[PDB]
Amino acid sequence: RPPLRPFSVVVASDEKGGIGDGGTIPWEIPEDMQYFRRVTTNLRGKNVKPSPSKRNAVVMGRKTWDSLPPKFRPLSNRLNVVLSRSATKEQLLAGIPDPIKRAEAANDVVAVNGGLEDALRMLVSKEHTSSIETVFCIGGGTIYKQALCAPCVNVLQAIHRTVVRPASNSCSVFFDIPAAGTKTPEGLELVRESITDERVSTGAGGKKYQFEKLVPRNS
């Protein structure tokens, strides 16, 4: 009251909950990159192609948007919602180097002067409940923290986590989630719905990874 649009988290973290060094993701796992793209891009049902009339949204902090290599700004086929206390939509667009692509990106980027909560209230609007199918929170550290506590955590439907091993020695930013069998002080307990068997990445270092899905426990 007002309600918050339900959402899912997509993240890649190691055993220490490390997700980044403050500016970028330390490891290179191309299989996770591809999976992230498909998971956040894919729409429900058969043969539904993303468009302004219906697509998914990815919500991220301004630093995560900046971490995006300019050539991938904005994330294609998805509404990009950037949280920033100052950066305007125009200022976000100005960071897109290809001027033609920038002209096209005008309808794919939205700047929110607020946190995840503000984004979730906005994504409930008559204009987004129909045009936005699924809302994915994609980072970073500060946004994940907001995602895991009230009032956001209350509408959290799932966490698509890519488990990375071995632990990185460059992570200073984390994704703090209660271990299996534990419930956070606020009351959040996560249950593993599924997890792939460990696989070795073709990227540098050959990091081992698993695609795991977690959902809040609903006794």
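Residue numbers here begin at 1 and follow the sequence given.
- Message: Quick check on the record: does 130-138 or 83-91 carry the larger mean Cα temperature factor?
- Response: Mean C-alpha B-factor is greater for 83-91.
- Per the PDB record, is the mean Cα temperature factor higher over 28-36 or over 189-197? Averaged over C-alpha atoms, the B-factors run higher in 189-197.
- Per the PDB entry, maximal CA B factor within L43, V59, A179, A158: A179 has the highest C-alpha B-factor of those listed.
- Of the options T184, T64, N47, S51, which has the highest CA B factor as deposited? Going by the entry's C-alpha B-factors, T184 comes out highest.
- Task: Taking the values exactly as deposited, rank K71 by C-alpha B-factor within its chain and report the matching third: lowest, middle or highest.
- Result: CA B-factor rank for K71: highest third.
- C-alpha B factor of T162, ranked within the chain: lowest, middle or highest third? Lowest third - that is where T162 ends up once the chain's C-alpha B-factors are sorted.
- Message: Where does the C-alpha B-factor of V11 rank in its chain, lowest, middle or highest third?
- Response: Its C-alpha B-factor, which the entry lists for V11, ranks in the lowest third among residues of this chain.
- Item | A106 - which third its CA temperature factor falls in, relative to the rest of the chain | Middle third.
- Query: By the record's CA B-factor, is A119 among the lowest, middle or highest third of residues in the chain?
  - Reply: It falls in the bottom third of the chain.
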